[PDB]
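Following: one structure in structure tokens, then a few remarks.
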There are 4 protein chains.
Amino acid sequence: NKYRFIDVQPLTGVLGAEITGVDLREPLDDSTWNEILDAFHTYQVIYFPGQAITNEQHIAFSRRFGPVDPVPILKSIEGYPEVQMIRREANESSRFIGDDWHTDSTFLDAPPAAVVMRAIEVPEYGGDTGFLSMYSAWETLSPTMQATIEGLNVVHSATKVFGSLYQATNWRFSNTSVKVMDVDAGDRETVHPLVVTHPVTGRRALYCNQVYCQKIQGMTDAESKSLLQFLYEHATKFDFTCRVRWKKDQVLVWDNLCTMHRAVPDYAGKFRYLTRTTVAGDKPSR
Amino acid sequence: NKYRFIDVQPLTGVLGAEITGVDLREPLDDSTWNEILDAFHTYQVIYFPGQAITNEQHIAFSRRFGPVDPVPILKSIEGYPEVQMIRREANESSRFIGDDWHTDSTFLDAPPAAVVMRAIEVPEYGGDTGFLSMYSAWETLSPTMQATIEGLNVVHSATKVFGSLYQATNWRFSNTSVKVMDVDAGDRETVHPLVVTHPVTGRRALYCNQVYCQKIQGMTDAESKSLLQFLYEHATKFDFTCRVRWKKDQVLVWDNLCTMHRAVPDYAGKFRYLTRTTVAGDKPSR
Amino acid sequence: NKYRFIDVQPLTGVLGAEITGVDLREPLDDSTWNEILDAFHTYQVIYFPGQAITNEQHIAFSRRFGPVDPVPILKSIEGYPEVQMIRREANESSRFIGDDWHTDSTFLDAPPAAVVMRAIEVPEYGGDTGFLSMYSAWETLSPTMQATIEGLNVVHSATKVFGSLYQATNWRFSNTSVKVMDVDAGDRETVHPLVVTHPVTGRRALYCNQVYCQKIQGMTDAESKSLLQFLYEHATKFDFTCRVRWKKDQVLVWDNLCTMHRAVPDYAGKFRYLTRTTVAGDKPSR
Amino acid sequence: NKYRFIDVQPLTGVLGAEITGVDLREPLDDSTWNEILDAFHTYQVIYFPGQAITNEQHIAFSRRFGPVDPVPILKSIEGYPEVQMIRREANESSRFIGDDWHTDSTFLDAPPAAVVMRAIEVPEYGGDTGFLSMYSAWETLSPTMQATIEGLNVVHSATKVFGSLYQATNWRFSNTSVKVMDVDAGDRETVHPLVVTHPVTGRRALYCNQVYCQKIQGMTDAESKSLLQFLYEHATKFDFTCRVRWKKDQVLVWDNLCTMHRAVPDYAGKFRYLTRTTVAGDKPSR
Ligand SMILES: C[C@@H](Oc1ccc(Cl)cc1Cl)C(=O)O
Ligand SMILES: C[C@@H](Oc1ccc(Cl)cc1Cl)C(=O)O
Ligand SMILES: C[C@@H](Oc1ccc(Cl)cc1Cl)C(=O)O
Ligand SMILES: C[C@@H](Oc1ccc(Cl)cc1Cl)C(=O)O
Ligand SMILES: O=C(O)CCC(=O)C(=O)O
Ligand SMILES: O=C(O)CCC(=O)C(=O)O
Ligand SMILES: O=C(O)CCC(=O)C(=O)O
Ligand SMILES: O=C(O)CCC(=O)C(=O)O
Ligand SMILES: [Cl-]
Ligand SMILES: [Cl-]
Ligand SMILES: [Cl-]
Ligand SMILES: [Cl-]
Ligand SMILES: [Co+2]
Ligand SMILES: [Co+2]
Ligand SMILES: [Co+2]
Ligand SMILES: [Co+2]
């Protein structure tokens with residue numbers, strides 16, 4: 001709109017934008033990179049159709065957003081530790097990775113700031129990714145509700161994904177993309193604010209997710225359950241979401257602090273493979 | 001035990017006490033009155049079996065607790081505007097008065113401080129009254145949850161009892177004990193703190209009830225519902241309750257700021273009649 | 001793929017398809033019509049980008065699906081009582097029409113079978129419509145849960161939209177697209193099965209929606225709320241939805257028996273105008 | 001009332017009765033035993049104040065109700081395997097036994113029919129036992145709701161009490177009354193009807209409890225959770241309960257099929273000791 005070096009097409013009135021008119025196989029001039037970063041901060045999830053980039057170009061483009069660092073759970077392609085896989089063979093019957101709303105690796109003291117995902121080979125239909133804005137979840141709380149919860153922190157851990165709760169369950173991820181982890185690493189706790197300030201935009205976002213949040217720190221289990229449940233229902237209303245469909249060589253970047261996302265498992269029996277590099281963040285803070 | 005002019009038998013480890021060794025038809029000396037008042041403050045609901053008092057002695061004893069003032073909704077006995085009736089004819093099929101956890105007349109800017117209820121004729125069994133302590137409901141919230149809610153206020157009105165919500169439904173009280181009221185008086189709102197300090201003991205109590213609380217002030221309807229539902233489920237756990245069985249001429253006093261009570265409707269087809277005088281309070285405050 | 005006279009691009013693995021290779025301004029031969037109808041039955045919501053049709057061609061094409069009959073609540077365009085408007089002026093501050101999951105006019109003894117909606121002028125982004133499959137909501141109930149509910153009926157009425165519950169609240173639709181209605185018509189109840197069989201495909205679908213369903217027939221209010229809340233949370237999981245973005249002259253048909261839909265209100269301050277003709281149905285049945 | 005050999009004083013209009021005018025240290029003539037059994041079947045929980053019986057008289061009186069057989073979890077007094085203890089030392093800080101609504105040992109293929117509990121040494125106040133009627137929970141379901149759930153079965157196991165869920169938790173029972181159990185015995189599942197017919201009275205009772213019920217058989221976890229939650233809330237309404245206060249040598253009998261009960265933990269710091277013998281039952285059936 002204001003953009004002169006890239007073409008940007010917002011996806012909904014809440015978040016998401018398609019970006020075209022740029023070739024990510026080539027270096028970006030300063031002005032072009034500035035518009036891309038501005039679109040990233042405005043729209044929170046941006047995607048570029050039709051970008052046939054090499055793995056190393058994927059690494060370098062990811063590096064423009066900040067330091068790259070893989071997440072603990074995913075396997076990487078041979079010869080690139082930074083390039084992890086979200087790969088599901090046609091014949092799998094295991095749990096689909098990321099099939100509840102979450103944001104990535106929040107059990108870390110410093111979760112990722114962003115992730116850059118690229119479609120290698122995906123079905124003609126099925127396997128969309130949903131996103132939602134945690135800026136919008138926060139802004140649509142009343143001032144009274146905001147003031148009530150803004151001093152709270154939450155305890156996060158990977159116990160349901162690769163810790164003792166996981167090991168107690170029957171339903172596994174396959175070993176196609178997921179590593180065997182140490183149970184104790186799965187159960188290690190960290191604490192983050194329930195309401196964070198984005199370190200670049202200064203905007204505030206609600207920060208909780210059902211995959212990694214165990215409870216509100218200092219609360220009883222029943223108090224915490226009641227509050228977190230309301231927040232999850234509030235944040236995942238359909239009005240705050242968008243939905244991204246993938247095609248081969250679509251490159252997408254999401255902000256891992258101010259958004260949540262989830263896989264859509266509607267392609268059972270079909271091969272699906274995307275790669276991703278993760279961009280490191282600093283300690284979430286209030 | 002520490003009591004030397006009255007005999008006090010606590011009812012549970014949470015609230016409630018029977019008081020004997022005293023004849024309420026006779027004046028009470030300062031020593032005996034000081035212990036009764038102390039037992040009222042410690043136990044929150046106190047009752048005196050076997051007190052065959054006149055209506056005037058009921059008014060005079062009620063007056064020892066504070067100025068007496070009837071509640072808006074109840075009919076009074078002929079010749080005593082201060083002595084109101086909780087009366088249900090055997091064959092009534094209407095709603096049972098007070099059959100949800102509440103405390104009285106909290107839609108008033110200044111609800112009653114206490115009520116003094118006396119059994120005239122009651123069933124051999126059935127018609128007990130439940131009580132619970134809102135001191136205990138407050139004290140068993142975590143320090144974190146207490147800090148989270150202590151600054152909130154709640155909007156109260158009588159809309160479901162004698163205002164527009166009542167008029168919209170089809171389940172009525174009979175005219176045995178309940179007056180016809182103005183709908184606009186039913187709908188008038190007041191605001192009270194969600195957490196109050198008792199003006200005599202200085203102790204804090206949770207202050208919300210599903211009968212008169214409409215919503216948390218300043219919150220959205222979904223936010224208010226979520227928090228108030230948790231607080232009602234928390235406060236009405238069986239562990240925080242006691243149950244009083246009535247016998248003819250039992251006289252009982254409850255603190256209308258720090259308890260809630262409810263009628264038990266398990267005597268359909270049997271006559272029940274109690275009288276009560278209400279003791280005025282000041283504006284609930286933090 | 002099996003389609004040889006139209007090109008069909010399914011939208012997700014659950015429901016929804018784009019149809020191209022056809023010009024709806026021209027008559028359709030039997031072969032092309034049979035495939036369109038087949039795609040409508042398989043995919044439940046179908047849409048045709050780029051169809052600059054007249055209002056008469058919109059009526060004629062709608063008529064191929066079944067007899068056309070407007071819904072009670074919407075204003076129609078001058079000169080075409082069958083062509084109703086979903087129109088929102090940029091500066092409206094009123095409630096957004098259809099902004100909760102529902103299916104249309106289910107308070108009728110015989111709700112519509114289908115609707116055909118056409119974009120006249122819509123925002124560059126914002127104003128998408130969500131859809132979900134009630135075939136999928138039904139199929140993913142366990143066999144045990146299916147047997148448990150299949151004999152139940154639900155009482156429907158328009159009370160919250162244009163009856164006494166609507167009149168009691170303070171959030172209105174504007175008069176741009178919505179007629180003034182009789183309150184007694186708003187409150188009139190009908191009964192439908194909770195689980196219906198589609199009269200053409202023979203497949204079964206869950207049939208309840210929070211906008212028009214009042215309660216499960218024969219149940220208490222607390223029993224009905226409990227079951228209907230579970231079914232709404234089950235049916236509206238993100239996995240069962242698809243999301244359609246509009247562009248000028250996109251024409252879309254949805255099956256009003258086996259889907260639910262909702263408006264997304266993310267375009268406040270921007271003009272939006274679609275027209276629709278509704279296709280009459282028969283009484284929903286087991 | 002009709003009783004001529006015993007004096008019976010019902011406790012509420014729902015369940016419970018005090019029985020006097022009999023000495024349980026002596027054998028009962030046929031007529032006296034017939035009235036006691038009739039009062040047991042009518043009132044579901046009966047209690048006899050002031051019965052200073054020996055352990056063997058307790059055994060023999062229990063034997064009149066049917067075969068005696070201890071429950072798996074509780075320690076017994078030396079020299080009487082049939083006489084188990086519910087004993088809590090003044091200094092305990094562990095979990096209170098039986099502090100949620102339940103009925104006993106329903107993880108067994110044939111749970112107890114009844115239990116006979118006798119106060120040895122109890123506090124002056126605190127440590128009441130609540131009871132409720134599952135006949136009343138069932139009768140207050142609508143016919144429609146009754147027909148909906150009457151064919152369902154439920155899976156029960158002791159996993160939360162002495163199985164893997166217990167071992168996962170932090171909060172233990174003390175070893176004062178509770179035995180060390182095998183985890184596998186804790187996790188063994190059985191199936192009972194959700195609605196049972198009492199084998200003597202022929203009356204129907206709802207049969208589920210949060211302590212031992214894992215899920216509705218054949219349902220998904222979310223479907224089962226939703227239904228069981230509603231039933232627990234419905235059954236434990238205060239209106240369906242009574243509350244029994246203990247005094248030394250009170251002997252009480254409860255029907256373990258048609259009632260639920262729970263301990264009240266309001267006596268922290270005070271010694272409490274009751275003994276009990278359990279009477280074996282047959283397989284719950286519909
Ligand atoms: C890769 C990603 O891992 C998951 C996130 C959510 C869920 Cl449900 C499962 C996994 Cl493995 C992450 O958290 O970084
Ligand atoms: C007497 C009492 O009135 C009621 C309280 C609760 C309920 Cl559910 C009904 C009434 Cl009339 C009061 O609030 O003063
Ligand atoms: C046009 C449509 O009307 C509505 C549907 C849902 C809602 Cl929330 C509002 C309206 Cl006016 C209908 O039911 O036919
Ligand atoms: C003795 C009794 O055991 C319990 C019942 C409920 C609860 Cl919460 C705990 C126990 Cl040990 C039983 O089930 O037979
Ligand atoms: O497969 C997808 O769409 C998303 C998976 C995901 O959550 C992730 O990669 O962290
Ligand atoms: O009838 C009872 O037990 C209590 C009635 C009541 O709530 C009241 O008098 O305010
Ligand atoms: O405006 C929309 O997207 C849908 C409106 C709707 O629900 C309807 O026309 O019935
Ligand atoms: O201690 C009590 O009041 C009851 C304990 C109990 O549930 C039991 O003995 O099975
Ligand atoms: Cl390269
Ligand atoms: Cl006065
Ligand atoms: Cl027609
Ligand atoms: Cl003996
Ligand atoms: Co993820
Ligand atoms: Co009252
Ligand atoms: Co609609
Ligand atoms: Co027990």
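Note on naming: chains are A, B, ... as they come in the structure tokens, residues start from 1 per chain, ligands start from 1 in the order shown.
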Practice task
Check every residue of chain D for an atom within 10 Å of chain C, counting only C-alpha atoms, and provide those that qualify as a ChimeraX atom specification.
Solution key: /D:140-152,216-220,222-227,229-231,234
Exercise for the section: Taking only C-alpha atoms and all ligand atoms into account, report as a ChimeraX atom specification which residues have an atom no farther than 12 Å from an atom of ligand 9. Expected result: /A:24-27,52-61
Restricting the output to N, CA, C and O atoms, write the selected residues as a PDB file, in the first residue's frame.
ATOM      1  N   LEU A  24      13.738 -14.202  -3.504  1.00  0.00           N
ATOM      2  CA  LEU A  24      14.537 -14.486  -2.315  1.00  0.00           C
ATOM      3  C   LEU A  24      15.762 -15.273  -2.670  1.00  0.00           C
ATOM      4  O   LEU A  24      16.614 -15.491  -1.771  1.00  0.00           O
ATOM      5  N   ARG A  25      15.876 -15.739  -3.935  1.00  0.00           N
ATOM      6  CA  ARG A  25      17.173 -16.337  -4.330  1.00  0.00           C
ATOM      7  C   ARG A  25      18.284 -15.304  -4.474  1.00  0.00           C
ATOM      8  O   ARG A  25      19.439 -15.672  -4.637  1.00  0.00           O
ATOM      9  N   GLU A  26      17.924 -14.019  -4.482  1.00  0.00           N
ATOM     10  CA  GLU A  26      18.889 -12.907  -4.700  1.00  0.00           C
ATOM     11  C   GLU A  26      19.104 -12.088  -3.409  1.00  0.00           C
ATOM     12  O   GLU A  26      18.197 -12.005  -2.574  1.00  0.00           O
ATOM     13  N   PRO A  27      20.249 -11.404  -3.280  1.00  0.00           N
ATOM     14  CA  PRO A  27      20.326 -10.568  -2.079  1.00  0.00           C
ATOM     15  C   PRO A  27      19.311  -9.418  -2.083  1.00  0.00           C
ATOM     16  O   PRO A  27      18.932  -8.912  -3.137  1.00  0.00           O
ATOM     17  N   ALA A  52      11.845 -20.780  -5.120  1.00  0.00           N
ATOM     18  CA  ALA A  52      12.634 -22.036  -5.230  1.00  0.00           C
ATOM     19  C   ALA A  52      14.080 -21.821  -4.742  1.00  0.00           C
ATOM     20  O   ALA A  52      15.054 -21.775  -5.535  1.00  0.00           O
ATOM     21  N   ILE A  53      14.223 -21.735  -3.436  1.00  0.00           N
ATOM     22  CA  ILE A  53      15.540 -21.389  -2.811  1.00  0.00           C
ATOM     23  C   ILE A  53      16.293 -22.650  -2.370  1.00  0.00           C
ATOM     24  O   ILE A  53      15.662 -23.689  -2.178  1.00  0.00           O
ATOM     25  N   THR A  54      17.626 -22.549  -2.205  1.00  0.00           N
ATOM     26  CA  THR A  54      18.409 -23.657  -1.815  1.00  0.00           C
ATOM     27  C   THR A  54      18.279 -23.648  -0.305  1.00  0.00           C
ATOM     28  O   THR A  54      17.909 -22.634   0.265  1.00  0.00           O
ATOM     29  N   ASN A  55      18.651 -24.744   0.352  1.00  0.00           N
ATOM     30  CA  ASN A  55      18.761 -24.740   1.795  1.00  0.00           C
ATOM     31  C   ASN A  55      19.643 -23.627   2.341  1.00  0.00           C
ATOM     32  O   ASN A  55      19.384 -23.055   3.421  1.00  0.00           O
ATOM     33  N   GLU A  56      20.759 -23.371   1.686  1.00  0.00           N
ATOM     34  CA  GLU A  56      21.598 -22.270   2.230  1.00  0.00           C
ATOM     35  C   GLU A  56      20.994 -20.909   2.077  1.00  0.00           C
ATOM     36  O   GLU A  56      21.161 -20.075   2.956  1.00  0.00           O
ATOM     37  N   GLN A  57      20.287 -20.650   0.989  1.00  0.00           N
ATOM     38  CA  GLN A  57      19.575 -19.377   0.898  1.00  0.00           C
ATOM     39  C   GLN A  57      18.500 -19.262   2.029  1.00  0.00           C
ATOM     40  O   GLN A  57      18.177 -18.170   2.497  1.00  0.00           O
ATOM     41  N   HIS A  58      17.864 -20.401   2.352  1.00  0.00           N
ATOM     42  CA  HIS A  58      16.866 -20.445   3.444  1.00  0.00           C
ATOM     43  C   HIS A  58      17.527 -20.042   4.739  1.00  0.00           C
ATOM     44  O   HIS A  58      16.964 -19.188   5.470  1.00  0.00           O
ATOM     45  N   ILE A  59      18.666 -20.665   5.045  1.00  0.00           N
ATOM     46  CA  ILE A  59      19.502 -20.271   6.216  1.00  0.00           C
ATOM     47  C   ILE A  59      19.837 -18.762   6.222  1.00  0.00           C
ATOM     48  O   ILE A  59      19.543 -18.069   7.204  1.00  0.00           O
ATOM     49  N   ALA A  60      20.350 -18.243   5.121  1.00  0.00           N
ATOM     50  CA  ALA A  60      20.756 -16.852   5.092  1.00  0.00           C
ATOM     51  C   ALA A  60      19.557 -15.899   5.228  1.00  0.00           C
ATOM     52  O   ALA A  60      19.671 -14.900   5.888  1.00  0.00           O
ATOM     53  N   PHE A  61      18.450 -16.152   4.505  1.00  0.00           N
ATOM     54  CA  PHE A  61      17.297 -15.318   4.646  1.00  0.00           C
ATOM     55  C   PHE A  61      16.797 -15.302   6.123  1.00  0.00           C
ATOM     56  O   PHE A  61      16.524 -14.222   6.651  1.00  0.00           O
TER      57      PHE A  61
END
Practice task
Counting only C-alpha atoms and all ligand atoms, name the residues that have an atom within 7 Å of an atom of ligand 11; the answer should be given as a ChimeraX atom specification.
Solution key: /C:63,67-69
How about saving the chosen residues, N, CA, C and O atoms kept, as a PDB file, in the first residue's frame?
ATOM      1  N   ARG C  63     -32.435 -21.465  -8.823  1.00  0.00           N
ATOM      2  CA  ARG C  63     -33.535 -22.351  -9.156  1.00  0.00           C
ATOM      3  C   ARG C  63     -33.155 -23.788  -9.611  1.00  0.00           C
ATOM      4  O   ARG C  63     -33.931 -24.731  -9.363  1.00  0.00           O
ATOM      5  N   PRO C  67     -36.685 -25.035  -5.494  1.00  0.00           N
ATOM      6  CA  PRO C  67     -37.563 -23.863  -5.505  1.00  0.00           C
ATOM      7  C   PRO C  67     -36.896 -22.722  -4.688  1.00  0.00           C
ATOM      8  O   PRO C  67     -36.179 -23.043  -3.718  1.00  0.00           O
ATOM      9  N   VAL C  68     -37.074 -21.444  -5.077  1.00  0.00           N
ATOM     10  CA  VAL C  68     -36.379 -20.353  -4.358  1.00  0.00           C
ATOM     11  C   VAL C  68     -37.433 -19.638  -3.506  1.00  0.00           C
ATOM     12  O   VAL C  68     -38.632 -19.493  -3.941  1.00  0.00           O
ATOM     13  N   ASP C  69     -37.008 -19.231  -2.301  1.00  0.00           N
ATOM     14  CA  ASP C  69     -37.916 -18.657  -1.305  1.00  0.00           C
ATOM     15  C   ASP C  69     -37.046 -17.845  -0.327  1.00  0.00           C
ATOM     16  O   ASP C  69     -36.164 -18.407   0.304  1.00  0.00           O
TER      17      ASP C  69
END
Write out as a compact mmCIF listing (two decimals) with N, CA, C and O atoms, in the first residue's frame each polymer residue whose atoms come within 10 Å of segment 108-112 of chain C, counting only C-alpha atoms; drop sequence neighbours fewer than 4 positions from it.
# COMPACT_ATOMS: atom_id res chain seq x y z
N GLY C 66 -33.31 -26.00 -6.57
CA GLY C 66 -34.61 -26.29 -5.89
C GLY C 66 -35.42 -25.01 -5.93
O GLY C 66 -34.89 -23.99 -6.35
N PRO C 67 -36.69 -25.04 -5.49
CA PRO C 67 -37.56 -23.86 -5.51
C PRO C 67 -36.90 -22.72 -4.69
O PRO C 67 -36.18 -23.04 -3.72
N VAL C 68 -37.07 -21.44 -5.08
CA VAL C 68 -36.38 -20.35 -4.36
C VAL C 68 -37.43 -19.64 -3.51
O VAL C 68 -38.63 -19.49 -3.94
N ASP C 69 -37.01 -19.23 -2.30
CA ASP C 69 -37.92 -18.66 -1.31
C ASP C 69 -37.05 -17.85 -0.33
O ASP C 69 -36.16 -18.41 0.30
N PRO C 70 -37.27 -16.53 -0.21
CA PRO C 70 -36.42 -15.74 0.74
C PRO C 70 -36.54 -16.11 2.22
O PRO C 70 -37.59 -16.53 2.65
N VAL C 71 -35.51 -15.76 3.01
CA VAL C 71 -35.57 -15.94 4.43
C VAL C 71 -36.35 -14.79 5.04
O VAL C 71 -36.42 -13.66 4.48
N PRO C 72 -37.01 -15.07 6.16
CA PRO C 72 -37.86 -14.01 6.71
C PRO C 72 -37.14 -12.66 7.03
O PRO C 72 -37.75 -11.58 6.86
N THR C 103 -26.76 -22.23 11.13
CA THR C 103 -27.18 -22.38 9.77
C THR C 103 -28.49 -21.64 9.64
O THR C 103 -29.06 -21.28 10.65
N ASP C 104 -28.92 -21.26 8.43
CA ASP C 104 -29.94 -20.24 8.31
C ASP C 104 -31.34 -20.67 8.69
O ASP C 104 -31.80 -21.71 8.25
N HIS C 156 -36.28 -25.06 18.50
CA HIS C 156 -35.66 -23.90 17.81
C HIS C 156 -36.62 -22.71 17.80
O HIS C 156 -37.84 -22.90 17.66
N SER C 157 -36.10 -21.51 17.92
CA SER C 157 -36.88 -20.31 17.60
C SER C 157 -35.94 -19.16 17.37
O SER C 157 -34.74 -19.26 17.68
N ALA C 158 -36.51 -18.06 16.87
CA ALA C 158 -35.73 -16.87 16.55
C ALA C 158 -35.71 -15.90 17.73
O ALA C 158 -35.46 -14.69 17.54
N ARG C 188 -41.97 -17.89 18.21
CA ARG C 188 -42.60 -19.15 17.80
C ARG C 188 -41.59 -20.30 17.69
O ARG C 188 -40.57 -20.17 17.01
N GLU C 189 -41.92 -21.45 18.29
CA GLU C 189 -40.98 -22.57 18.34
C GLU C 189 -41.32 -23.64 17.35
O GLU C 189 -42.50 -23.86 17.01
N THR C 190 -40.30 -24.32 16.87
CA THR C 190 -40.50 -25.50 16.06
C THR C 190 -39.58 -26.56 16.68
O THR C 190 -38.70 -26.22 17.47
N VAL C 191 -39.75 -27.83 16.30
CA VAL C 191 -38.87 -28.92 16.74
C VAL C 191 -38.22 -29.60 15.55
O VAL C 191 -38.92 -29.93 14.60
N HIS C 192 -36.90 -29.86 15.62
CA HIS C 192 -36.19 -30.62 14.63
C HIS C 192 -35.38 -31.71 15.38
O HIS C 192 -34.98 -31.50 16.53
N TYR C 212 -30.17 -20.37 16.97
CA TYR C 212 -31.61 -20.71 17.05
C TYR C 212 -32.03 -21.83 17.99
O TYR C 212 -33.23 -21.89 18.32
N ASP C 255 -24.67 -25.80 1.39
CA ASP C 255 -25.78 -26.67 1.80
C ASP C 255 -26.19 -26.27 3.22
O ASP C 255 -25.42 -26.45 4.20
N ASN C 256 -27.43 -25.79 3.36
CA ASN C 256 -27.89 -25.24 4.66
C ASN C 256 -28.33 -26.34 5.64
O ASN C 256 -28.69 -26.05 6.79
N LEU C 257 -28.33 -27.59 5.20
CA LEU C 257 -28.65 -28.69 6.15
C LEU C 257 -27.39 -29.29 6.82
O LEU C 257 -27.39 -29.51 8.05
N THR C 278 -32.23 -17.82 -1.69
CA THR C 278 -32.26 -18.97 -0.85
C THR C 278 -33.11 -20.05 -1.50
O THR C 278 -34.16 -19.75 -2.13
N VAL C 279 -32.66 -21.28 -1.33
CA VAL C 279 -33.32 -22.41 -1.90
C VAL C 279 -34.08 -23.15 -0.82
O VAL C 279 -33.51 -23.47 0.25
N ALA C 280 -35.39 -23.30 -1.04
CA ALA C 280 -36.30 -23.88 -0.02
C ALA C 280 -35.96 -25.32 0.27
O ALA C 280 -35.45 -26.01 -0.61
N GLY C 281 -36.24 -25.77 1.49
CA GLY C 281 -35.99 -27.19 1.82
C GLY C 281 -37.28 -27.84 2.33
O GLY C 281 -38.26 -27.18 2.55
N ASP C 282 -37.23 -29.13 2.56
CA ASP C 282 -38.29 -29.80 3.27
C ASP C 282 -37.97 -29.98 4.74
O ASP C 282 -36.84 -29.79 5.19
N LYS C 283 -38.97 -30.37 5.49
CA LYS C 283 -38.84 -30.53 6.91
C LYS C 283 -37.63 -31.43 7.29
O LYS C 283 -37.53 -32.52 6.83
N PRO C 284 -36.67 -30.94 8.10
CA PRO C 284 -35.53 -31.82 8.45
C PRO C 284 -36.07 -33.11 9.11
O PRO C 284 -37.03 -33.04 9.90
Write out as CSV a residue-level contact list of chain B versus ligand 6 with cut-off 8 Å: for each qualifying residue the closest pair of atoms and the distance in Å to one decimal, counting only C-alpha atoms and all ligand atoms, rows sorted by chain and residue number upward.
residue,atom,partner,partner_atom_place_in_ligand_line,distance
B:85,CA,ligand 6,9 (O),8.0
B:86,CA,ligand 6,9 (O),5.9
B:96,CA,ligand 6,1 (O),7.8
B:97,CA,ligand 6,5 (C),5.7
B:98,CA,ligand 6,7 (O),3.8
B:99,CA,ligand 6,7 (O),6.8
B:102,CA,ligand 6,7 (O),7.3
B:103,CA,ligand 6,10 (O),7.3
B:104,CA,ligand 6,10 (O),5.7
B:117,CA,ligand 6,9 (O),7.6
B:127,CA,ligand 6,3 (O),6.3
B:128,CA,ligand 6,3 (O),6.0
B:129,CA,ligand 6,3 (O),4.2
B:130,CA,ligand 6,3 (O),7.4
B:261,CA,ligand 6,7 (O),6.3
B:262,CA,ligand 6,7 (O),5.2
B:263,CA,ligand 6,3 (O),3.7
B:264,CA,ligand 6,3 (O),6.4
B:274,CA,ligand 6,1 (O),7.6
B:276,CA,ligand 6,9 (O),7.2
Exercise for the section: Tell me which protein, DNA and RNA residues are within 8 Å of residue 161 of chain B, counting only C-alpha atoms, leaving out same-chain ones fewer than 5 positions away, and put them as a list in words. Expected result: residues 166, 186 and 211 of chain B
Exercise for the section: Extract the full set of strand (DSSP E) residues from segment 146-267 of chain D according to DSSP on the backbone, and format it as an NGL selection string. Expected result: :D and (153-156 or 190-193 or 195-197 or 204-206 or 213-216 or 241-244 or 251-255 or 259-263)
Handout entry: Option closest in space to residue 13 of chain D, from D:40, D:65, D:240, D:162 [counting only C-alpha atoms]
Key = D:240
Problem - Top pick for closest residue to ligand 14, considering B:47, B:125, B:131, B:5 and counting only C-alpha atoms and all ligand atoms - result: B:131
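The spacing separating atom CA of residue 232 of chain C from atom CA of residue 164 of chain C amounts to 23.3 Å.
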Completion exercise
Students should find that atom CA of residue 78 of chain B and atom CA of residue 22 of chain B are spaced 28.8 Å
